[PDB]
């Protein structure tokens, strides 16, 4: 149960960490719970930044999908960076002074626990479905964004089950509720996944392009260029539908249609050699190169308020 930033931490460890990282950095981090999972675990959200009046924000979550462990790991890496370098690195000091970073460590907690206890390749939530023994809904097929129209299944037994309705899951409802209650401050939405090495932007539920697809393409292009500067990691980018595959009900598409103009989905390492079982030995390298990308986007948004 001892936390490590170069190891994958189980939920009890991550929860302890949310509490300890908050208590040690009261001037930079505040922790709240935005809801509970189907199984009663607390959905924590850390608010990172120097508190001030009416601050704009960037919202980032990890752990939508249970088996994408490098995702969870990144949210934690991000937080330590914020606090070790505030006051020393000009950009991060500038980011933290100017905006508030909403970091949601793990969205799908019940599923994360399941990958640690029974099935390592579990992806969905762990809720029950009526009329079947099959368990779970794909949280990224559960948002109101052309809900269940494409790239989603209506069968609970499938890995891409879209749910009984949009926001049927307490976790997606909770996340959606928080974003809706904070539209005014939230300027960018970032949702961390794995794997494939890509940076996607709207839309995935459709082949139609967002109004600012030109900017998002340039932004994404610059961010991947940035990421590649550390270890040469090659990422592709573009609108989801055409870049990865069409898939309805994703949070990135939903957030974008809420008014949040900078909405990106990051698909971290690797390209399929280890897939979801990305070794711990790649945690720092992955997190380090990903920081550059997130920071690039952060500077851009700040400079485009």
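Residue numbers count along the first chain shown, from 1.
When 203-211 is weighed against 133-141, 203-211 comes out higher, by mean CA B-factor as recorded in the entry.
The PDB entry reports B-factors from which the mean C-alpha value can be compared for 34-42 and 235-243; the larger average falls on 235-243. Within the group 194, 119, 191, 97, the record's highest C-alpha temperature factor is found at 97. Highest C-alpha temperature factor among 177, 226, 169, 110 per the entry: 226. Among all modelled residues in its chain, residue 252 ranks in the middle third by Cα B-factor. When all modelled residues of the chain are sorted by CA temperature factor, residue 66 is found within the lowest third. Per the deposited record, the Cα B-factor of residue 230 falls in the middle third when ranked against the other modelled residues of its chain. Per-chain ranking of the deposited C-alpha B factor places residue 52 in the highest third. Residue-level temperature factors show residue 272 in the middle third of its chain, judged at the C-alpha atom.
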